[PDB]
């Protein structure tokens, strides 16, 4: 089934086909003069996938308010239908990230809907940073690191349930992000809290299938405003190293202190084999969870530069998980996810254009200016024609958001769904 009528996709592609041909051929000639085969780049770009978050499909909110738009998804099934639109038009988001209990539903039904829509499932996400109705023990003062044994046990069991749901739908990983921490000096004993966390995570690790990975996600602050148990990549590395080979670190771009060199953290984790994956988004102040690349596109490119360099250095067994983790408070969630996925492919494509041999030479000779200009020559390249052609060749739309709007999809679901 197609959420967007194929005739609309075809019409909107034909409408822009002439211009795309001109732009693609021009870029192809330019890249040829630079010793690059545009076809090789396009081939790789159409193979780059990033998971879409179920929680990014509906309108998000801040601690002050939430302003829903029309046709808001009523539950996970509406969310999957909307995710199908993003994948159909961008062809870059074949998999969806589920969050439990937000997306709790019959696993078999979720799988059935996914297969029918042509969607798979990425890492499962547990939730012990909020209480559900009728919950025995509250996570107000923590979960996996709570001082109360029964509360930690409940948190561990919840994570095990997430694994069971994931096994039924085809997921192969569990991502653990908790709000555990303190808001006041002295409230928590830093070391004892971390010890409790490690012990609880060891229980989750024990119940982790051998064909699964366990990702821990660090965050400097929020909801905890003084200290956070898994506060940065250093603590995260200690966690992954302690737990075992199936445990790795997940880097969410907006979870770092002001001015942090995030691409270096990425490089360090790769060198020590603990880069499990990414949570892409952009930010300017805190964990803003904005559309990827909308604020600092160069930083996104620099992160991908490290990923491509890893392949160039010959790093083996490196297949980091890629996922978008964003909240859309003032835009149509589907449109934001579409352009965010596009931006991630944009940064990747540009990273593929870097002349690695030239860069290596400038690095060895300490020619800082030419080294940085070598990266800029790739980053400054407008790869939109490659992204558009990749989409066109794989069943997507030349201009995804334009096609989405032309389809009238939002108005359609607005009529099918309550206000």
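Residue numbers count along the first chain shown, from 1.
Taking only CA atoms, the mean B-factor in the PDB entry is higher for 81 to 89 than for the other of 291 to 299 and 81 to 89. The mean Cα B-factor in the deposited entry runs higher for 127 to 135 than for the other of 270 to 278 and 127 to 135.
Comparing the listed residues 38, 51, 369, 354, the entry records the largest Cα B-factor for 38. By the numbers in the PDB entry, the CA B factor is greatest at 118 among 186, 118, 142, 258. For residue 285, the recorded CA B-factor ranks within the lowest third of the chain. Only modelled residues enter the ranking.
Ranked by C-alpha B-factor against the other modelled residues of its chain, residue 223 falls in the middle third. The deposited CA B-factor of residue 246 belongs to the lowest third of values across its chain. For residue 182, the recorded CA B-factor ranks within the lowest third of the chain. Only modelled residues enter the ranking. The PDB entry assigns residue 376 a C-alpha temperature factor belonging to the lowest third of its chain's modelled residues.
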